[PDB]
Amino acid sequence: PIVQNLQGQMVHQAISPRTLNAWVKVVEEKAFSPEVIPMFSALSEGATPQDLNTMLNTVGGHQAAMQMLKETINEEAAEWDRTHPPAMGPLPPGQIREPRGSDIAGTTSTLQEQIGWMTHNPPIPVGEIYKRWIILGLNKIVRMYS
């Protein structure tokens, strides 16, 4: 995740195995119950899209759900793309390429990229965007199963 360094400037930290393990246990306990949604958000504070992916990809079992979530996400990405025409290049010196829908969901972007966007001035908030998409997919899963 990207965390506030108490001396200033936002810094990256490696995904936390503890946070992960607490999400995994939320999921094994509650079988897509509505309380998962706030817990997801509670444990994904400053998450990069790669972090979010790792969180979702580690949930053993529930393959149908996970694949329904993927579809909501891939849908939301496509829609974002259709609503945001790519900015005109050429890219100025020192700038990173702008993120498309697949970049935000972390499927075609690198961690370095995601780090650069989220730590840019001002941040380009790919983790928060993705997180909204994921929450939408979770809604759909909770409605299916609960």
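Numbering starts at 1 and follows the sequence shown.
J.: Which wins on mean Cα temperature factor, 31-39 or 49-57?
T.: In the deposited entry, the stretch with the higher C-alpha B-factor mean is 31-39.
J.: Of the two stretches 117-125 and 99-107, which shows the higher Cα B-factor on average in the entry?
T.: If you average the C-alpha B-factors of 117-125 and of 99-107, the larger mean comes out for 117-125.
J.: When the deposited Cα B-factors of this chain's modelled residues are ordered and cut into thirds, is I15 in the lowest, the middle or the highest one?
T.: Highest third - that is where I15 ends up once the chain's C-alpha B-factors are sorted.
J.: Taking the entry's C-alpha B-factors for this chain, is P92 in the lowest, middle or highest third?
T.: Bottom third by C-alpha B-factor.
J.: Lowest, middle or highest third: which one holds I141 when the chain's residues are ordered by CA B-factor from the entry?
T.: Its C-alpha B-factor, which the entry lists for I141, ranks in the lowest third among residues of this chain.
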